[PDB]
>>> print(open('data-v9.tsv').read())   # TSV, N, CA and C atoms
chain	number	residue	atom	x	y	z
A	826	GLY	N	-12.09	-92.57	18.78
A	826	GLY	CA	-11.30	-93.80	18.59
A	826	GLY	C	-11.49	-94.43	17.21
A	827	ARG	N	-12.60	-94.10	16.52
A	827	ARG	CA	-12.95	-94.63	15.17
A	827	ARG	C	-11.95	-94.03	14.19
A	828	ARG	N	-11.78	-94.72	13.07
A	828	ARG	CA	-10.74	-94.38	12.09
A	828	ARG	C	-10.84	-92.89	11.71
A	829	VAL	N	-9.71	-92.19	11.69
A	829	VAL	CA	-9.66	-90.81	11.12
A	829	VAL	C	-9.36	-90.91	9.62
A	830	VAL	N	-10.34	-90.53	8.80
A	830	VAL	CA	-10.22	-90.59	7.31
A	830	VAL	C	-10.29	-89.19	6.70
A	831	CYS	N	-10.28	-88.13	7.50
A	831	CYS	CA	-10.34	-86.76	6.95
A	831	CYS	C	-9.45	-85.85	7.79
A	832	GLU	N	-8.20	-86.29	8.01
A	832	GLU	CA	-7.26	-85.63	8.95
A	832	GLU	C	-6.66	-84.43	8.23
A	833	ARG	N	-6.87	-83.24	8.76
A	833	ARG	CA	-6.44	-81.97	8.14
A	833	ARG	C	-4.92	-81.85	8.25
A	834	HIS	N	-4.24	-81.59	7.13
A	834	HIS	CA	-2.78	-81.38	7.08
A	834	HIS	C	-2.52	-80.15	6.25
A	835	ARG	N	-1.33	-79.58	6.45
A	835	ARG	CA	-0.80	-78.45	5.68
A	835	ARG	C	0.40	-78.98	4.90
A	836	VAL	N	0.53	-78.55	3.66
A	836	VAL	CA	1.74	-78.86	2.85
A	836	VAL	C	2.89	-77.97	3.33
A	837	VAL	N	3.99	-78.59	3.73
A	837	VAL	CA	5.20	-77.92	4.23
A	837	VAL	C	6.17	-77.70	3.07
A	838	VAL	N	6.28	-78.67	2.15
A	838	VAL	CA	7.24	-78.66	1.02
A	838	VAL	C	6.43	-78.91	-0.24
A	839	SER	N	6.58	-78.09	-1.26
A	839	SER	CA	5.86	-78.29	-2.55
A	839	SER	C	6.36	-79.60	-3.18
A	840	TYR	N	5.49	-80.23	-3.95
A	840	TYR	CA	5.80	-81.53	-4.59
A	840	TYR	C	5.18	-81.50	-5.97
A	841	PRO	N	5.99	-81.71	-7.03
A	841	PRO	CA	5.46	-81.82	-8.37
A	841	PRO	C	5.12	-83.27	-8.70
A	842	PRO	N	3.94	-83.52	-9.28
A	842	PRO	CA	3.51	-84.90	-9.51
A	842	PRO	C	4.29	-85.52	-10.68
A	843	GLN	N	4.60	-86.80	-10.56
A	843	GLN	CA	5.32	-87.56	-11.62
A	843	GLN	C	4.35	-88.25	-12.58
A	844	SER	N	3.09	-88.37	-12.18
A	844	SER	CA	1.97	-88.98	-12.96
A	844	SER	C	0.63	-88.47	-12.41
A	845	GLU	N	-0.47	-88.83	-13.08
A	845	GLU	CA	-1.83	-88.34	-12.76
A	845	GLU	C	-2.31	-88.98	-11.45
A	846	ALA	N	-1.66	-90.05	-10.97
A	846	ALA	CA	-1.98	-90.75	-9.70
A	846	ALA	C	-1.57	-89.86	-8.53
A	847	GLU	N	-0.61	-88.98	-8.76
A	847	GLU	CA	0.00	-88.12	-7.71
A	847	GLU	C	-0.66	-86.75	-7.70
A	848	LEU	N	-0.70	-86.18	-6.51
A	848	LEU	CA	-1.22	-84.84	-6.28
A	848	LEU	C	-0.06	-83.84	-6.35
A	849	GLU	N	-0.23	-82.78	-7.11
A	849	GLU	CA	0.63	-81.59	-6.97
A	849	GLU	C	0.36	-80.96	-5.61
A	850	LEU	N	1.40	-80.82	-4.79
A	850	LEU	CA	1.33	-80.09	-3.52
A	850	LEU	C	1.97	-78.72	-3.68
A	851	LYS	N	1.26	-77.71	-3.21
A	851	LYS	CA	1.86	-76.36	-3.06
A	851	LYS	C	1.99	-76.01	-1.57
A	852	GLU	N	3.13	-75.44	-1.17
A	852	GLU	CA	3.39	-74.99	0.22
A	852	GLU	C	2.18	-74.20	0.71
A	853	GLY	N	1.63	-74.60	1.84
A	853	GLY	CA	0.49	-73.91	2.47
A	853	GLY	C	-0.84	-74.55	2.16
A	854	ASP	N	-0.91	-75.39	1.13
A	854	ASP	CA	-2.19	-76.04	0.75
A	854	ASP	C	-2.72	-76.81	1.95
A	855	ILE	N	-4.04	-76.80	2.11
A	855	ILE	CA	-4.73	-77.69	3.08
A	855	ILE	C	-5.10	-78.99	2.36
A	856	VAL	N	-4.71	-80.12	2.95
A	856	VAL	CA	-5.00	-81.45	2.36
A	856	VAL	C	-5.62	-82.32	3.45
A	857	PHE	N	-6.69	-83.00	3.10
A	857	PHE	CA	-7.36	-83.94	4.04
A	857	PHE	C	-6.86	-85.34	3.72
A	858	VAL	N	-6.21	-85.98	4.69
A	858	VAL	CA	-5.56	-87.30	4.51
A	858	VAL	C	-6.58	-88.38	4.87
A	859	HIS	N	-6.82	-89.26	3.91
A	859	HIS	CA	-7.76	-90.39	4.07
A	859	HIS	C	-7.02	-91.66	4.48
A	860	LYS	N	-5.79	-91.83	4.03
A	860	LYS	CA	-5.03	-93.07	4.28
A	860	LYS	C	-3.53	-92.76	4.33
A	861	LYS	N	-2.82	-93.31	5.30
A	861	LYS	CA	-1.34	-93.31	5.37
A	861	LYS	C	-0.87	-94.73	5.04
A	862	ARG	N	-0.24	-94.92	3.88
A	862	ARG	CA	0.24	-96.24	3.38
A	862	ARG	C	1.54	-96.67	4.07
A	863	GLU	N	1.79	-97.99	4.11
A	863	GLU	CA	3.02	-98.59	4.69
A	863	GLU	C	4.25	-98.02	3.96
A	864	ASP	N	4.12	-97.70	2.67
A	864	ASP	CA	5.24	-97.15	1.85
A	864	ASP	C	5.41	-95.65	2.08
A	865	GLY	N	4.67	-95.03	3.01
A	865	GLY	CA	4.89	-93.65	3.47
A	865	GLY	C	4.20	-92.62	2.59
A	866	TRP	N	3.57	-93.06	1.52
A	866	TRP	CA	2.69	-92.21	0.69
A	866	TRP	C	1.32	-92.09	1.35
A	867	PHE	N	0.73	-90.93	1.21
A	867	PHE	CA	-0.61	-90.64	1.73
A	867	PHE	C	-1.56	-90.47	0.56
A	868	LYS	N	-2.81	-90.80	0.83
A	868	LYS	CA	-3.96	-90.51	-0.05
A	868	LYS	C	-4.77	-89.42	0.62
A	869	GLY	N	-5.05	-88.36	-0.11
A	869	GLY	CA	-5.81	-87.23	0.42
A	869	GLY	C	-6.42	-86.37	-0.64
A	870	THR	N	-7.19	-85.39	-0.22
A	870	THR	CA	-7.96	-84.50	-1.09
A	870	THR	C	-7.58	-83.06	-0.76
A	871	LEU	N	-7.17	-82.30	-1.77
A	871	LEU	CA	-6.84	-80.87	-1.60
A	871	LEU	C	-8.13	-80.06	-1.53
A	872	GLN	N	-8.17	-79.15	-0.57
A	872	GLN	CA	-9.30	-78.21	-0.48
A	872	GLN	C	-9.30	-77.21	-1.65
A	873	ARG	N	-8.12	-76.78	-2.11
A	873	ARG	CA	-8.01	-75.69	-3.11
A	873	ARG	C	-8.70	-76.12	-4.41
A	874	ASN	N	-8.42	-77.34	-4.89
A	874	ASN	CA	-8.86	-77.81	-6.24
A	874	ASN	C	-9.77	-79.05	-6.16
A	875	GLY	N	-9.96	-79.64	-4.98
A	875	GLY	CA	-10.89	-80.77	-4.82
A	875	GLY	C	-10.33	-82.06	-5.36
A	876	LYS	N	-9.06	-82.10	-5.72
A	876	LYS	CA	-8.44	-83.32	-6.30
A	876	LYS	C	-8.05	-84.31	-5.20
A	877	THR	N	-8.30	-85.60	-5.46
A	877	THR	CA	-7.86	-86.71	-4.58
A	877	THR	C	-6.72	-87.46	-5.26
A	878	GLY	N	-5.67	-87.77	-4.52
A	878	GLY	CA	-4.54	-88.57	-5.00
A	878	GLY	C	-3.45	-88.80	-3.99
A	879	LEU	N	-2.32	-89.33	-4.45
A	879	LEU	CA	-1.23	-89.84	-3.61
A	879	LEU	C	-0.12	-88.78	-3.56
A	880	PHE	N	0.53	-88.67	-2.43
A	880	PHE	CA	1.65	-87.73	-2.27
A	880	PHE	C	2.55	-88.26	-1.18
A	881	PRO	N	3.81	-87.81	-1.18
A	881	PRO	CA	4.74	-88.24	-0.15
A	881	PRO	C	4.38	-87.63	1.21
A	882	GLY	N	4.21	-88.50	2.20
A	882	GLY	CA	3.69	-88.11	3.52
A	882	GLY	C	4.61	-87.13	4.22
A	883	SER	N	5.93	-87.18	4.00
A	883	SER	CA	6.88	-86.36	4.80
A	883	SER	C	6.76	-84.89	4.40
A	884	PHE	N	6.03	-84.60	3.32
A	884	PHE	CA	5.88	-83.24	2.76
A	884	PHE	C	4.74	-82.48	3.44
A	885	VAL	N	4.01	-83.13	4.35
A	885	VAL	CA	2.84	-82.50	5.02
A	885	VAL	C	2.99	-82.66	6.53
A	886	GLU	N	2.21	-81.86	7.25
A	886	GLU	CA	2.20	-81.81	8.73
A	886	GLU	C	0.76	-81.76	9.17
A	887	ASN	N	0.44	-82.40	10.29
A	887	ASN	CA	-0.89	-82.23	10.92
A	887	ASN	C	-1.16	-80.75	11.15
A	888	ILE	N	-2.39	-80.32	10.99
A	888	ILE	CA	-2.89	-79.11	11.69
A	888	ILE	C	-3.58	-79.59	12.97
>>> encode(input="data-v9.tsv", output="structure tokens")
Amino acid sequence: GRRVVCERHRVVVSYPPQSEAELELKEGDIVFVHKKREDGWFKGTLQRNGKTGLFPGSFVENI
């Protein structure tokens, strides 16, 4: 019941970052979601490169 801050997701649609605040997503990447924002952007950390940043939530799916 305690907050989930490391929720495992898979990237469904690749996303190129518009700035350094954003994460590059590649299809198939594993991303751990720390926060889902009211504006629909997620904060998470990629397993592949260890980077933390913001990305559009609709581009990922729960595992």
>>> atom_distance(input="data-v9.tsv", atom1="CA of residue 846 (chain A)", atom2="CA of residue 860 (chain A)")
14.5 Å
>>> atom_distance(input="data-v9.tsv", atom1="CA of residue 857 (chain A)", atom2="atom C of residue 842 (chain A)")
18.8 Å
>>> closest_residue(input="data-v9.tsv", among="A:826, A:833, A:867, A:850", to="residue 888 (chain A)", atoms="all atoms listed in the file")
A:833
>>> closest_residue(input="data-v9.tsv", among="A:877, A:834, A:839, A:886", to="residue 856 (chain A)", atoms="only N, CA and C atoms")
A:834
>>> select_by_dssp(input="data-v9.tsv", residues="chain A", states="strand (DSSP E)", output="list in words")
residues 832, 833, 834, 835, 836, 855, 856, 857, 858, 859, 860, 861, 866, 867, 868, 869, 870, 871, 877, 878, 879, 880, 881, 885, 886 and 887 of chain A
>>> closest_residue(input="data-v9.tsv", among="A:853, A:882, A:875, A:865", to="residue 836 (chain A)", atoms="all atoms listed in the file")
A:853
>>> atom_distance(input="data-v9.tsv", atom1="atom N of residue 868 (chain A)", atom2="CA of residue 829 (chain A)")
12.4 Å
>>> closest_residue(input="data-v9.tsv", among="A:828, A:876, A:881, A:847", to="residue 863 (chain A)", atoms="only C-alpha atoms")
A:881
